[PDB]
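The first sequence finishes on residue 196 if you use the UniProt record's numbering, and the numbering steps up by one all the way, no holes. Here's the structure, in structure tokens; my notes come after.
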Amino acid sequence: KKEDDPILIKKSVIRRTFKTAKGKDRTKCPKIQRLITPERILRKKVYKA
RNA sequence: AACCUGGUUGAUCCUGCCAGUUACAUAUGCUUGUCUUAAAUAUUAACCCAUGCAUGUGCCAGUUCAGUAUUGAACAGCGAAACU
Ligand SMILES: [Mg+2]
Ligand SMILES: [Mg+2]
Ligand SMILES: [Mg+2]
Ligand SMILES: [Mg+2]
Ligand SMILES: [Mg+2]
Numbered sequence: 148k149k150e151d152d153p154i155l156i157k158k159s160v161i162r163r164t165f166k167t168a169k170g171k172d173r174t175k176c177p178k179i180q181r182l183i184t185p186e187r188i189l190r191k192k193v194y195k196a
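In structure tokens:
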């Protein structure tokens, strides 16, 4: 849902899991762009200031 | 260094050039031992060109699910590619 909490977006992002050519075991995650974080809102407040 | 000398006649004083002398550029011939500098395919053909190189660029501050590393379970170090 749109009304939904950002942390629900955080928890639902896909994980990638894979085996390195070296034979190692690793897991990679994407970063969320557009995400509403405290930092965005702070910057906004400061500009209006 | 504000200087001139040789050549017309049988001899002479003139005009006048030629020639010498001087510097400086290219060129060249012979000859070349140190040290300090150092121009350099302008002139002829803005003629023709094999090959190599002479224009690239990343920070903490645009984009990383590359990779690496057993990394704050959204990423967070290092760091391609590729957008910008
Ligand atoms: Mg006469
Ligand atoms: Mg005579
Ligand atoms: Mg003369
Ligand atoms: Mg010596
Ligand atoms: Mg690059």
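Positions of the beta carbon are idealized from the N, C-alpha and C atoms, including for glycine.
What's the C-alpha gap between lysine 158 and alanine 196? 33 Å
Continuous beta strand (DSSP E) stretch holding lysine 175: start and end: Note, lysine 175: beta strand (DSSP E), 172-175.
For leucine 155, which residues from the same chain have a beta carbon less than 8 Å from its beta carbon, with the 5 sequence-adjacent residues on both sides left out? Once the five neighbours on either side are set aside, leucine 155 has no close Cβ partner at all.
Which residue comes first and which comes last in the beta strand (DSSP E) that contains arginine 163? 163-166
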